[PDB]
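Enquirer: one piece of my complex first, more on the way:
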Amino acid sequence: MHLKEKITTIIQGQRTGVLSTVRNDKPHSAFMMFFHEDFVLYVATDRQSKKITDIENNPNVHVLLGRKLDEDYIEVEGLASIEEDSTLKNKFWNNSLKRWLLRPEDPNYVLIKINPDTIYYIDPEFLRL
């Protein structure tokens, strides 16, 4: 059976997805580049980001990633935390991030770590993690 592979395929493809959070009891969504270690997703951002404040107030997040109307994609539900591990920060660093961060040593660079509870594969089957 191919669900983990179908999901990994999506996660191993294009990087831009949508990260949604709750912000003062209202939804907020932003385009973000996604990296990963196995099924754990990571987004590089500035530590003063409102998404970081959102996560500070409610850790539940939702991800749409992978997307013609009939392309396959995934939806991820899980809890987020902030990750400042130098090894992961240096691993994921790349020049597209220069829009928002200076360099891998920028003190403002943090990762949002998303620990998935449920991954739905659309085109739903799901994986519980």
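Expert: Structure's in. What do you need? Numbers count the residues shown, from 1 in each chain, chains lettered A, B, ... in the order given.
Enquirer: Tell me which stretches of chain A form strands.
Expert: Residue ranges of the strands in chain A, as given by DSSP state E, are A:16-23, A:26-33, A:35-37, A:40-46, A:60-65, A:73-83, A:109-122, A:125-128.
Enquirer: List the buried residues in the longest one.
Expert: Of the residues in strand A:109-122, A:109, A:110, A:111, A:112, A:113, A:114, A:116, A:119, A:121 count as buried by neighbour count, 16 or more other CB atoms under 10 Å. (Each C-beta comes from the backbone N, C-alpha and C, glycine too.)
Enquirer: returning to what we had before: among the strands of chain A, which is nearest residue A:89?
Expert: The closest of these to residue A:89 is strand A:109-122. By CB to CB, the value is 5.9 Å.
Enquirer: quick one, the closest one and strand A:26-33 angle?
Expert: Angle of strand A:109-122 versus strand A:26-33, following axes from the mean of the first three to the mean of the last three CA atoms, to 10 degrees, is 100 degrees.
Enquirer: Let's see strand A:109-122 as CSV, backbone CA atoms only.
Expert: Extracted in CSV, the C-alpha atoms of strand A:109-122 (Å, rounded to 0.1, in the frame of the first residue of the first chain):
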residue,chain,number,x,y,z
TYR,A,109,15.8,33.1,11.9
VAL,A,110,13.7,30.5,13.7
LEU,A,111,11.9,27.4,12.4
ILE,A,112,8.2,26.6,13.0
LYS,A,113,8.1,22.8,13.7
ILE,A,114,4.8,21.2,12.8
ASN,A,115,4.2,17.8,14.5
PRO,A,116,1.5,16.1,12.5
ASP,A,117,-1.4,14.3,14.1
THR,A,118,-3.3,13.7,10.9
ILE,A,119,-2.3,13.8,7.3
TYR,A,120,-5.1,13.6,4.7
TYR,A,121,-4.2,12.7,1.1
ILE,A,122,-6.5,14.3,-1.4
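Enquirer: onto the same structure, chain B please:
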Amino acid sequence: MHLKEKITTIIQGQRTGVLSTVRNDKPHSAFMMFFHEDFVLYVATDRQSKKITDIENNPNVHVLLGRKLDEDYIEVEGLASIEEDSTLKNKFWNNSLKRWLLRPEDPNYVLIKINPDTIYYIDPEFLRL
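Expert: Placing chain B onto the earlier chains gives this:
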């Protein structure tokens, strides 16, 4: 000055965006086709949709619409309601909706009406409505 025009340009372009809602105190986002009357956005969906239940429980919604990493787009914050007006339903009907609805007379077809409070134009300037 060109903000209303910049926004209308986005709203008059490709139709697929992201509709985010709050679902049991957690964020949820879905790809949806967007229609509009002036700056009021509408999405056609099935009346048993969980997005409808979400909106039933918290009317605040967020839209990303319009999107290369440096394409322009908009973010919309506002309150949603359900619209069953036959004139609008027939106006927006088209065959892409056949994935989710039978025909314009399908009793399951409703519109989600999004009354914007704030529209941000990204590439932010904003309009209050």
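Enquirer: Repeat for the buried residues of strand A:109-122, accounting for chain B.
Expert: Within strand A:109-122, the residues scored as buried using 16 or more other CB atoms under 10 Å in any protein chain shown are A:109, A:110, A:111, A:112, A:113, A:114, A:116, A:119, A:121, A:122.
Enquirer: With stretch A:8-28 instead?
Expert: Here stretch A:8-28 shows A:10-11, A:15, A:17-23, A:26-28 as buried, counting by 16+ other CB under 10 Å.
Enquirer: before we move on, back to that, would you reformat the buried residues of strand A:109-122 as TSV and include distance to chain B?
Expert: As requested, the buried residues of strand A:109-122 are arranged in TSV below (distance: CB to the nearest CB, whole Å):
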residue	distance to chain B
A:109	18
A:110	20
A:111	19
A:112	14
A:113	17
A:114	12
A:116	13
A:119	14
A:121	15
A:122	9
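Enquirer: Tell me the residues of chain A that contact chain B?
Expert: A:16, A:18, A:20-22, A:25-31, A:58, A:60-62, A:64, A:67, A:69, A:75, A:77, A:96, A:99 (CB under 8 Å from any CB of the partner chain).
Enquirer: Closest one to residue A:87 out of the buried residues of strand A:109-122, please.
Expert: Among those, and counting by CB to CB, the member closest to residue A:87 is residue A:111, at 10.8 Å.
Enquirer: separation between the closest residue to the closest one other than its chain neighbours and chain B?
Expert: Nearest residue to residue A:111 in three dimensions, chain neighbours excluded: residue A:83, at 4.1 Å (CB to CB, 6 or more residues apart in numbering or on different chains). Using CB to the nearest CB, to the nearest Å, residue A:83 is found at 20 Å from chain B.
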